[PDB]
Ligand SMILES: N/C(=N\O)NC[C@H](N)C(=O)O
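The form deposited without this ligand is given below as one chain in structure tokens.
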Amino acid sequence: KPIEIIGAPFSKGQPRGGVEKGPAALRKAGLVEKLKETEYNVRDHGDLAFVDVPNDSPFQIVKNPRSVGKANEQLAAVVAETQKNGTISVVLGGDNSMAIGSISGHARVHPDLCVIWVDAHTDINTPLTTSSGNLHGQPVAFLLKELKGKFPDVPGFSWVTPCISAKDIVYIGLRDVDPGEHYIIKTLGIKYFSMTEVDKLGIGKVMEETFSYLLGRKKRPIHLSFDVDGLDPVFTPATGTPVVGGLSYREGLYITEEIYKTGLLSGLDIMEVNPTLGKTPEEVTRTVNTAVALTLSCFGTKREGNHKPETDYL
């Protein structure tokens, strides 16, 4: 299948500006060029242009509900279009709120997909439980069937249709969960591997586990929503919500490497890369480079090396 890059330069999902420069930063680092050197046909769709909704009064505590809901509906339509044509979508964030459009779109064409959410957070706060307005912390609430109607309808999200059930999502790398979120994942019986489970089992046993939970009964396409903060701030410092005690660069690459091997990766997001949040330029390069490394790993790049078949060396 070919790969289609889609930039989502949107940052109204959280309080600080910056994530909109994520797509630019990743491209400037040669992400598309590097991708072209793999056994995949790469088409770069370019960055979506989001029309800013005027007089976007907060719902209640929820902020920018219309701009976010609109931007997502727009993104969902695009993602649905490429998936339709049989291509693998890669969304360059942009903050996590944009995972609503990405997974929705993807689900329109692939209704039986599962989601592997790699993050330091669950991002499952409903507009009620949220302690801030911020929508980047609420993606999964708007996507879960089991949470349908457990909160008021938000302006701009009328189009949203809960596509995944609690049995289709696995979390990896949790270490910063709110009481409400914790209550929800505990109540609904959601599967997760927080840093304490990664510490106990090892990333090898962790991936083995997630694949038999998700793919044990039957094979289905996978959507990997990757948040750069799921790794330790020492590796990906330039994000808005860094939390020490994260996954290591190695563990990061092991996750993506294992995913490639299933041959089921259908959708992928690289979110939260905030170019303006690094103390020094080296921190921006460090974050960007690991974000790219993660991407190429999903598409065949192995640490043991790679070589073009049919070519005879020697």
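In this text, residue numbers run from 1 along the sequence as written.
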Legend entry - Residue stretch of maximal mean CA temperature factor, 29-37 vs 285-293: 29-37
Inset, instruction - State which stretch shows the higher mean Cα B factor in the entry: 60-68 or 255-263. - result: 60-68
Inset, instruction - Specify which of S131, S104, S225, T82 carries the largest Cα B factor in the deposited PDB entry. - result: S131
Inset, instruction - For the C-alpha B-factor as written in the entry, point me to the maximum among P127, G173, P233, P221. - result: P127
Inset, instruction - Taking the values exactly as deposited, rank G300 by C-alpha B-factor within its chain and report the matching third: lowest, middle or highest. - result: lowest
Legend entry - Chain-wide C-alpha B factor ranking for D52, given as lowest, middle or highest third: highest
Legend entry - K279 - Cα temperature factor, lowest/middle/highest third of chain: highest
Inset, instruction - Check where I116 lands among this chain's C-alpha B-factors and tell me if it's the lowest, middle or highest third. - result: lowest
Legend entry - Chain third (lowest, middle, highest) by recorded CA B-factor, residue given as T122: middle
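Below, we turn to the form solved in complex with this ligand, even though it does not appear here.
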Inset, instruction - Kindly check, after superposition on the C-alphas around the site, whether this ligand taken in the deposited complex would be blocked here (3 or more of its atoms within 2.4 Å of a backbone or C-beta atom) or open? - result: open
Legend entry - One residue of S212, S158, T187, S132 in contact with this ligand, assessed in the deposited complex (non-hydrogen atom, 4.5 angstroms): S132
Legend entry - Location of this ligand contact in the deposited complex, chosen stretch of 140-148, 224-232, 190-198, 101-109 [non-hydrogen atom, 4.5 Å]: 224-232
Legend entry - Contact label in the deposited complex: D178 to this ligand, heavy atom within 4.5 Å: yes
Inset, instruction - Using a 4.5 Å heavy atom cut-off, state whether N125 contacts this ligand in the deposited complex. - result: yes
Legend entry - Contact flag, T241 vs this ligand in the deposited complex, heavy atom cut 4.5 Å: yes
Legend entry - Neighbours of this ligand in the deposited complex among 106-121 [non-hydrogen atom within 4.5 angstroms]: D119, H121
